[PDB]
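Chemist: For reference, this is input.txt, and it has compact mmCIF, C-alpha atoms and all ligand atoms.
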```txt
# COMPACT_ATOMS: atom_id res chain seq x y z
CA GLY A 754 78.37 142.17 87.26
CA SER A 755 79.94 138.69 87.12
CA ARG A 756 82.11 137.95 84.07
CA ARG A 757 85.42 136.28 83.19
CA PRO A 758 88.07 137.72 80.81
CA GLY A 759 90.36 135.86 78.41
CA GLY A 760 87.89 133.33 77.05
CA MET A 761 90.67 131.22 75.52
CA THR A 762 91.54 128.17 77.61
CA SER A 763 93.44 126.09 75.07
CA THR A 764 96.97 127.50 75.00
CA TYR A 765 97.50 130.26 77.57
CA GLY A 766 101.00 128.95 78.23
CA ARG A 767 102.28 132.16 79.83
CA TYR A 771 108.58 130.67 78.45
CA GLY A 772 106.36 127.87 79.75
CA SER A 773 107.23 125.24 82.36
CA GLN A 774 110.92 124.55 81.78
CA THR A 775 111.02 122.40 78.65
CA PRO A 776 113.40 119.45 79.21
CA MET A 777 116.13 118.91 76.61
CA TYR A 778 116.82 115.65 74.77
CA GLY A 779 120.62 115.87 75.00
CA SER A 780 120.46 116.72 78.71
CA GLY A 781 119.54 113.20 79.85
CA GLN B 12 84.12 129.22 75.15
CA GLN B 13 82.99 127.66 78.42
CA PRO B 14 82.87 123.84 78.24
CA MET B 15 80.68 123.29 81.32
CA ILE B 16 83.12 121.70 83.78
CA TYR B 17 81.74 118.92 86.00
CA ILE B 18 83.31 117.19 88.99
CA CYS B 19 83.42 113.40 89.02
CA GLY B 20 81.54 112.07 92.01
CA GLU B 21 84.13 109.35 92.64
CA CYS B 22 87.42 110.72 91.32
CA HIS B 23 86.65 114.35 92.17
CA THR B 24 88.32 114.95 88.79
CA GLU B 25 86.99 117.79 86.69
CA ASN B 26 85.19 116.73 83.50
CA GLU B 27 84.16 118.71 80.43
CA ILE B 28 80.61 117.71 79.49
CA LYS B 29 79.27 119.72 76.56
CA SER B 30 75.85 119.10 75.06
CA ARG B 31 74.68 115.85 73.49
CA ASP B 32 77.27 114.02 75.58
CA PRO B 33 77.03 110.95 77.83
CA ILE B 34 77.77 111.59 81.49
CA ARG B 35 80.89 109.56 82.25
CA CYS B 36 84.06 110.52 84.02
CA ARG B 37 86.86 110.15 81.51
CA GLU B 38 89.01 108.98 84.42
CA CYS B 39 86.80 106.32 86.02
CA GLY B 40 83.75 106.18 83.78
CA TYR B 41 81.67 106.81 86.90
CA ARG B 42 78.19 108.05 86.01
CA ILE B 43 77.52 110.61 88.77
CA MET B 44 79.11 114.05 88.71
CA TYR B 45 78.38 117.37 90.35
CA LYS B 46 78.44 120.92 89.07
CA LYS B 47 81.19 123.17 90.35
CA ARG B 48 80.28 126.26 92.37
CA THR B 49 79.05 129.41 90.68
CA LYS B 50 81.27 132.26 89.57
CA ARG B 51 78.84 134.99 90.62
CA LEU B 52 79.28 137.15 93.70
CA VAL B 53 78.39 135.15 96.80
CA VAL B 54 78.26 137.63 99.68
CA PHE B 55 76.84 136.91 103.12
CA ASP B 56 76.14 139.17 106.04
CA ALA B 57 77.41 136.83 108.76
CA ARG B 58 74.15 137.73 110.47
CA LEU C 355 108.07 132.61 56.23
CA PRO C 356 108.35 131.27 59.82
CA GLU C 357 104.99 132.89 60.69
CA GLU C 358 102.79 130.73 58.46
CA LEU C 359 104.88 127.76 59.60
CA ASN C 360 103.82 128.35 63.23
CA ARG C 361 100.20 127.60 62.27
CA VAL C 362 101.17 123.93 61.79
CA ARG C 363 103.03 123.85 65.12
CA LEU C 364 101.75 121.66 67.97
CA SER C 365 102.54 123.14 71.37
CA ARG C 366 102.92 120.65 74.22
CA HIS C 367 99.96 122.11 76.14
CA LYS C 368 97.45 121.36 73.37
CA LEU C 369 98.56 117.83 72.44
CA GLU C 370 97.73 116.59 75.96
CA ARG C 371 94.16 116.08 74.74
CA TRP C 372 95.26 114.35 71.52
CA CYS C 373 97.55 111.94 73.40
CA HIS C 374 94.57 109.55 73.42
CA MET C 375 92.31 110.73 70.59
CA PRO C 376 92.36 108.28 67.64
CA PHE C 377 93.15 109.22 64.03
CA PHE C 378 96.43 110.44 65.53
CA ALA C 379 98.55 109.13 62.63
CA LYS C 380 96.42 111.25 60.23
CA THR C 381 96.33 114.75 61.79
CA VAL C 382 99.85 115.15 63.21
CA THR C 383 101.59 113.48 60.24
CA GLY C 384 102.47 116.56 58.22
CA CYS C 385 102.87 119.11 61.00
CA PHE C 386 106.18 120.49 62.30
CA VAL C 387 107.23 120.39 65.97
CA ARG C 388 109.97 122.30 67.79
CA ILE C 389 111.81 119.40 69.40
CA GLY C 390 114.74 120.01 71.74
CA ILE C 391 118.23 118.62 71.15
CA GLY C 392 120.62 120.55 73.38
CA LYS C 397 122.45 124.47 74.45
CA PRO C 398 119.35 126.53 73.53
CA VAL C 399 119.67 125.37 69.92
CA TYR C 400 116.63 123.83 68.23
CA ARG C 401 115.89 122.06 64.94
CA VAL C 402 112.59 121.83 63.05
CA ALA C 403 112.00 118.07 62.74
CA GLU C 404 109.27 116.42 60.66
CA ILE C 405 106.46 114.33 62.18
CA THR C 406 106.77 111.22 60.00
CA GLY C 407 105.28 108.29 61.93
CA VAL C 408 103.68 107.43 65.27
CA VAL C 409 106.02 105.24 67.33
CA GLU C 410 105.79 104.03 70.94
CA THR C 411 108.50 103.99 73.60
CA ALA C 412 108.81 101.47 76.42
CA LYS C 413 109.50 104.46 78.73
CA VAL C 414 106.36 105.68 80.51
CA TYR C 415 106.95 109.30 81.55
CA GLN C 416 104.58 111.71 83.31
CA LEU C 417 103.89 114.85 81.30
CA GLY C 418 102.38 116.96 84.05
CA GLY C 419 99.10 115.56 85.33
CA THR C 420 98.77 113.35 82.27
CA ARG C 421 101.36 110.68 81.48
CA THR C 422 102.58 109.19 78.22
CA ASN C 423 104.92 106.49 76.94
CA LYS C 424 104.57 107.09 73.19
CA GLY C 425 107.41 108.27 70.98
CA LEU C 426 107.49 110.44 67.87
CA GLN C 427 109.34 109.50 64.68
CA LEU C 428 110.87 112.91 64.01
CA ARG C 429 113.58 113.66 61.45
CA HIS C 430 115.51 116.83 60.60
CA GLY C 431 116.22 116.21 56.94
CA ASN C 432 118.48 113.17 57.27
CA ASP C 433 119.23 112.84 61.00
CA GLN C 434 116.34 110.69 62.27
CA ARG C 435 115.99 108.97 65.65
CA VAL C 436 113.43 108.24 68.37
CA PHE C 437 111.89 111.10 70.34
CA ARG C 438 109.58 111.56 73.33
CA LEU C 439 106.84 114.19 73.56
CA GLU C 440 108.30 115.90 76.66
CA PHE C 441 111.25 117.59 74.88
CA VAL C 442 109.08 119.52 72.41
CA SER C 443 109.25 123.29 72.90
CA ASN C 444 106.26 125.62 72.92
CA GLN C 445 108.53 128.25 71.35
CA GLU C 446 107.50 129.36 67.88
CA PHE C 447 109.67 128.96 64.78
CA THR C 448 112.39 131.60 64.99
CA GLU C 449 114.11 133.04 61.93
CA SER C 450 117.50 131.38 62.47
CA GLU C 451 115.83 128.01 63.09
CA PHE C 452 113.63 128.57 60.03
CA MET C 453 116.67 129.11 57.80
CA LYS C 454 118.45 126.17 59.45
CA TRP C 455 115.49 123.93 58.57
CA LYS C 456 115.51 125.34 55.03
CA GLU C 457 119.20 124.47 54.71
CA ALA C 458 118.63 121.00 56.18
CA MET C 459 115.90 120.35 53.60
CA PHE C 460 117.76 121.85 50.63
CA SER C 461 120.81 119.80 51.66
CA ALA C 462 118.82 116.55 51.87
CA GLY C 463 116.92 116.77 48.58
CA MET C 464 113.49 116.84 50.22
CA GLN C 465 110.96 119.11 48.54
CA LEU C 466 109.67 122.01 50.60
CA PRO C 467 105.96 121.40 51.35
CA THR C 468 103.90 123.80 49.26
CA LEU C 469 102.18 126.60 51.17
CA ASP C 470 98.77 125.35 50.01
CA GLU C 471 99.55 122.06 51.77
CA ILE C 472 100.15 123.94 55.03
CA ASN C 473 96.96 125.98 54.54
CA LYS C 474 94.91 122.80 54.02
CA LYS C 475 96.71 121.08 56.93
CA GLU C 476 96.27 123.73 59.64
CA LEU C 477 92.48 123.38 59.38
CA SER C 478 92.77 119.68 60.24
CA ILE C 479 93.81 120.79 63.73
CA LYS C 480 90.82 123.06 64.34
CA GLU C 481 88.37 120.50 62.93
CA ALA C 482 89.88 117.83 65.20
CA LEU C 483 89.57 120.19 68.19
CA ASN C 484 85.83 120.71 67.60
CA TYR C 485 85.09 117.01 66.95
CA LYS C 486 82.00 115.82 68.83
CA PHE C 487 83.04 112.76 70.87
CA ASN C 488 79.76 110.96 70.19
CA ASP C 489 81.30 107.61 69.18
CA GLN C 490 82.92 104.99 71.43
CA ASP C 491 86.18 106.93 71.77
CA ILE C 492 85.55 107.62 75.47
CA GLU C 493 85.63 103.90 76.33
CA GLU C 494 88.96 103.25 74.60
CA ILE C 495 90.11 106.52 76.19
CA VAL C 496 89.35 105.35 79.72
CA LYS C 497 90.97 101.96 79.03
CA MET D 1 78.30 119.93 114.63
CA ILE D 2 81.29 122.13 115.29
CA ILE D 3 81.75 123.94 118.62
CA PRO D 4 79.64 127.13 118.84
CA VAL D 5 81.75 130.25 118.72
CA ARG D 6 79.89 131.91 121.60
CA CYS D 7 77.94 130.51 124.50
CA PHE D 8 74.40 131.08 123.31
CA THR D 9 73.12 132.27 126.67
CA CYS D 10 75.73 134.80 127.77
CA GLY D 11 78.30 135.44 125.06
CA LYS D 12 81.60 134.04 126.26
CA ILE D 13 83.80 132.76 123.47
CA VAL D 14 83.71 128.97 123.82
CA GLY D 15 84.88 128.29 120.28
CA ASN D 16 88.54 128.31 121.27
CA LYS D 17 88.15 125.88 124.17
CA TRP D 18 86.99 122.62 122.62
CA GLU D 19 90.40 121.30 121.64
CA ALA D 20 91.70 122.57 124.97
CA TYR D 21 88.82 120.89 126.81
CA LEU D 22 89.60 117.58 125.11
CA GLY D 23 93.31 117.94 125.79
CA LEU D 24 92.58 118.51 129.47
CA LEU D 25 90.32 115.47 129.50
CA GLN D 26 93.28 113.64 127.97
CA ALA D 27 95.32 114.84 130.91
CA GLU D 28 92.53 113.00 132.77
CA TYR D 29 91.13 116.06 134.43
CA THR D 30 87.70 115.19 135.68
CA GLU D 31 85.00 116.53 133.44
CA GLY D 32 84.09 119.52 135.59
CA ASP D 33 87.68 120.28 136.49
CA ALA D 34 88.36 120.68 132.78
CA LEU D 35 85.70 123.36 132.75
CA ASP D 36 86.93 124.93 135.96
CA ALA D 37 90.42 125.02 134.40
CA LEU D 38 89.30 126.57 131.11
CA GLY D 39 87.50 129.28 133.02
CA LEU D 40 83.84 128.49 132.47
CA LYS D 41 82.00 129.52 135.62
CA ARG D 42 78.38 129.94 134.61
CA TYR D 43 76.49 126.74 134.00
CA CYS D 44 75.39 128.38 130.76
CA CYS D 45 78.96 128.30 129.51
CA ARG D 46 79.62 124.84 130.93
CA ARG D 47 76.72 123.31 129.03
CA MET D 48 78.34 124.57 125.83
CA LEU D 49 81.30 122.23 126.26
CA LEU D 50 79.61 119.41 128.18
CA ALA D 51 76.74 119.13 125.74
CA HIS D 52 78.67 119.73 122.53
CA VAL D 53 78.78 116.78 120.14
CA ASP D 54 81.67 117.31 117.70
CA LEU D 55 80.12 115.78 114.60
CA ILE D 56 82.45 117.62 112.23
CA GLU D 57 85.04 114.96 113.04
CA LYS D 58 82.66 112.43 111.53
CA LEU D 59 81.76 114.63 108.56
CA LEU D 60 85.48 114.85 107.80
CA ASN D 61 85.67 111.07 107.42
CA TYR D 62 83.94 111.47 104.05
CA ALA D 63 86.22 112.22 101.15
CA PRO D 64 85.64 114.93 98.59
CA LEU D 65 88.98 113.99 97.06
CA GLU D 66 91.58 111.70 98.63
ZN ZN A 801 89.19 99.15 83.15
ZN ZN A 802 77.71 131.50 128.99
```
Re-express the file's structure as structure tokens.
Ligand SMILES: [Zn+2]
Ligand SMILES: [Zn+2]
Modeler:
Amino acid sequence: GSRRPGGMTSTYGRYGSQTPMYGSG
Amino acid sequence: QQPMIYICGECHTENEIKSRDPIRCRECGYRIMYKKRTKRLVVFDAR
Amino acid sequence: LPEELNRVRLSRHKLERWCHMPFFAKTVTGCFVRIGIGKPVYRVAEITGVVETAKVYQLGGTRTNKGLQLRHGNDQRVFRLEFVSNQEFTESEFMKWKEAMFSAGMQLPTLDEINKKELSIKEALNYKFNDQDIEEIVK
Amino acid sequence: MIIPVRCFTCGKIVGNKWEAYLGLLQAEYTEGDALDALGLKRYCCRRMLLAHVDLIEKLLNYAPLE
């Protein structure tokens, strides 16, 4: 077989990527 | 939910080109783009 | 309930597409974002208008210079789209927003409004880009 | 195109000698002394390096991206 799980590309953020603060700058 | 990803011939950027759509790179607008490789099992013997 | 409220919440990952899609002042205006202030405290601010900053900042592979006219009840100022958190509406932040809206005199948006607003997002996601939006996009 | 991994005729691995070959030529070894110094004795191995045209260096001029 040849298949792919998940099927949900929009918002799999997997938290995140270090959200920058407003009052940090 | 597979949007049919294409690769811009100039930019090499990936492009989502669903049906009833003009072929243009949304980066350049370039009109040539190539399908990405398959996802099936590509196995060779090395014969 | 902070659960229904998360249906009208725009995570940073998804808006990357809508950074250039038109009708922007009509879909996002009425949703709630989790903007960051700063230490891990957050406030639920209201997407009021679509403003533009003179600061062009790269938001991953895409890049943006636009601002967001957010306001938490009475405290309003300029905001950039990088500080918004993908975190959902917690309970303590939900009650803090409720107290910021009851303290300001603003009416709480009726649940039916949220129910009719969340569908705007899914209908905008599935919009066929058949018109000349790609050309203005590339420009 | 790229260097063959084995000398077609006999079997000696010649696919690890091309960059060495060229480096020895850049030391200005004469063209057969490069082969004598790599260790290719049989003319069947020597014609692997002498004859090889390394076109992959031209194919790599073309960009997929950047
Ligand atoms: Zn242009
Ligand atoms: Zn040989």
Chemist: Please extract the residues at most 9 Å from ligand ZN 801 (chain A), counting only C-alpha atoms and all ligand atoms, and provide them as a short mmCIF file (atom, residue, chain, number, x, y, z; two decimals) with C-alpha atoms, keeping the file's coordinate frame, using the chain letters and residue numbers of this document.
Modeler:
```
data_model
loop_
_atom_site.label_atom_id
_atom_site.label_comp_id
_atom_site.auth_asym_id
_atom_site.auth_seq_id
_atom_site.Cartn_x
_atom_site.Cartn_y
_atom_site.Cartn_z
CA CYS B 39 86.80 106.32 86.02
CA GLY B 40 83.75 106.18 83.78
CA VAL C 496 89.35 105.35 79.72
CA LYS C 497 90.97 101.96 79.03
#
```
Chemist: Interatomic distance between CA of residue 402 in chain C and CA of residue 437 in chain C?
Modeler: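 These two atoms are separated by 13.0 Å.
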Chemist: Would you write out, as CSV, a table of all residues in chain C that have an atom no more than 12 Å from an atom of chain A, listing for each the closest atom pair and the distance in Å to one decimal, considering only C-alpha atoms and ordering rows by chain and rising residue number?
Modeler:
```
residue,atom,partner,partner_atom,distance
C:364,CA,A:764,CA,10.3
C:365,CA,A:764,CA,8.0
C:366,CA,A:764,CA,9.1
C:367,CA,A:764,CA,6.3
C:368,CA,A:764,CA,6.4
C:369,CA,A:763,CA,10.1
C:370,CA,A:763,CA,10.5
C:371,CA,A:763,CA,10.0
C:388,CA,A:775,CA,10.9
C:389,CA,A:778,CA,8.2
C:390,CA,A:777,CA,5.2
C:391,CA,A:778,CA,4.9
C:392,CA,A:779,CA,5.0
C:397,CA,A:777,CA,8.7
C:398,CA,A:777,CA,8.8
C:399,CA,A:777,CA,10.0
C:400,CA,A:777,CA,9.7
C:401,CA,A:778,CA,11.8
C:417,CA,A:775,CA,10.7
C:418,CA,A:773,CA,9.7
C:435,CA,A:778,CA,11.3
C:436,CA,A:778,CA,10.4
C:437,CA,A:778,CA,8.0
C:438,CA,A:778,CA,8.4
C:439,CA,A:776,CA,10.1
C:440,CA,A:776,CA,6.7
C:441,CA,A:776,CA,5.2
C:442,CA,A:775,CA,7.1
C:443,CA,A:775,CA,6.1
C:444,CA,A:772,CA,7.2
C:445,CA,A:771,CA,7.5
C:446,CA,A:771,CA,10.7
C:480,CA,A:763,CA,11.5
C:483,CA,A:763,CA,9.9
C:484,CA,A:763,CA,11.9
```
Chemist: Enumerate as a PDB file with C-alpha atoms, keeping the file's coordinate frame the residues within 8 Å of ligand ZN 802 (chain A), counting all atoms listed in the file.
Modeler:
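And here's selection_38.pdb as it stands now:
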```pdb
ATOM      1  CA  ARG D   6      79.890 131.910 121.600  1.00  0.00           C
ATOM      2  CA  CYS D   7      77.940 130.510 124.500  1.00  0.00           C
ATOM      3  CA  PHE D   8      74.400 131.080 123.310  1.00  0.00           C
ATOM      4  CA  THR D   9      73.120 132.270 126.670  1.00  0.00           C
ATOM      5  CA  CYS D  10      75.730 134.800 127.770  1.00  0.00           C
ATOM      6  CA  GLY D  11      78.300 135.440 125.060  1.00  0.00           C
ATOM      7  CA  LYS D  12      81.600 134.040 126.260  1.00  0.00           C
ATOM      8  CA  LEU D  40      83.840 128.490 132.470  1.00  0.00           C
ATOM      9  CA  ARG D  42      78.380 129.940 134.610  1.00  0.00           C
ATOM     10  CA  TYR D  43      76.490 126.740 134.000  1.00  0.00           C
ATOM     11  CA  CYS D  44      75.390 128.380 130.760  1.00  0.00           C
ATOM     12  CA  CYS D  45      78.960 128.300 129.510  1.00  0.00           C
ATOM     13  CA  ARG D  46      79.620 124.840 130.930  1.00  0.00           C
ATOM     14  CA  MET D  48      78.340 124.570 125.830  1.00  0.00           C
TER      15      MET D  48
END
```
Chemist: Select from chain B every residue with an atom at most 9 Å from any atom of chain C, then for each give the shortest pair of atoms and their distance in Å to one decimal, using all atoms listed in the file, rows by chain and rising number, as JSON lines.
Modeler:
```
{"residue": "B:31", "atom": "CA", "partner": "C:488", "partner_atom": "CA", "distance": 7.8}
{"residue": "B:32", "atom": "CA", "partner": "C:488", "partner_atom": "CA", "distance": 6.7}
{"residue": "B:33", "atom": "CA", "partner": "C:488", "partner_atom": "CA", "distance": 8.1}
{"residue": "B:35", "atom": "CA", "partner": "C:492", "partner_atom": "CA", "distance": 8.5}
{"residue": "B:36", "atom": "CA", "partner": "C:496", "partner_atom": "CA", "distance": 8.6}
{"residue": "B:37", "atom": "CA", "partner": "C:496", "partner_atom": "CA", "distance": 5.7}
{"residue": "B:38", "atom": "CA", "partner": "C:496", "partner_atom": "CA", "distance": 5.9}
{"residue": "B:39", "atom": "CA", "partner": "C:496", "partner_atom": "CA", "distance": 6.9}
{"residue": "B:40", "atom": "CA", "partner": "C:496", "partner_atom": "CA", "distance": 7.0}
```
Chemist: Take CA of residue 377 in chain C and CA of residue 423 in chain C and report the distance between them in Å, one decimal.
Modeler: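 It comes out at 17.7 Å.
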Chemist: Counting all atoms listed in the file, which residues of chain B fall within 9 Å of chain D, and what is the closest atom pair for each with its distance in Å at one decimal, ordered by chain and rising number, as a tab-separated table?
Modeler:
```
residue	atom	partner	partner_atom	distance
B:20	CA	D:64	CA	8.3
B:21	CA	D:65	CA	8.0
B:22	CA	D:65	CA	6.8
B:23	CA	D:65	CA	5.4
B:24	CA	D:65	CA	8.4
```
Chemist: Could you take the residues named above and write them with C-alpha atoms, as an mmCIF file, in the coordinates of the input?
Modeler:
```cif
data_model
loop_
_atom_site.group_PDB
_atom_site.id
_atom_site.type_symbol
_atom_site.label_atom_id
_atom_site.label_comp_id
_atom_site.auth_asym_id
_atom_site.auth_seq_id
_atom_site.Cartn_x
_atom_site.Cartn_y
_atom_site.Cartn_z
ATOM 1 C CA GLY B 20 81.540 112.070 92.010
ATOM 2 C CA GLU B 21 84.130 109.350 92.640
ATOM 3 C CA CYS B 22 87.420 110.720 91.320
ATOM 4 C CA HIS B 23 86.650 114.350 92.170
ATOM 5 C CA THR B 24 88.320 114.950 88.790
#
```
Chemist: When you draw a straight line from CA of residue 49 in chain B to CA of residue 56 in chain D, how long is it in Å?
Modeler: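 Calculated distance between CA of residue 49 in chain B and CA of residue 56 in chain D is 24.8 Å.
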Chemist: Is there a way to get, as a PyMOL selection string, all residues within 8 Å of the point (82.3, 129.6, 85.9) in file coordinates, counting all atoms listed in the file?
Modeler: (chain A and resi 757) or (chain B and resi 13+15+47-51)
Chemist: Which residue, C:450, C:478, C:432, C:427, has the smallest gap to residue 462 in chain C when you use only C-alpha atoms?
Modeler: C:432
Chemist: Could you check which of C:412, C:472, C:477, C:403 is closest to residue 458 in chain C, using only C-alpha atoms?
Modeler: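 Using only C-alpha atoms, the shortest distance to residue 458 in chain C belongs to C:403.
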Chemist: Skipping near chain neighbours, those fewer than 3 positions away, what residues fall within 12 Å of range 29-32 of chain D using all atoms listed in the file, listed as a list in words?
Modeler: residues 20, 21, 22, 23, 24, 25, 26, 35, 36, 37, 38, 39, 40, 41, 42, 43, 45, 46, 47, 49, 50 and 51 of chain D
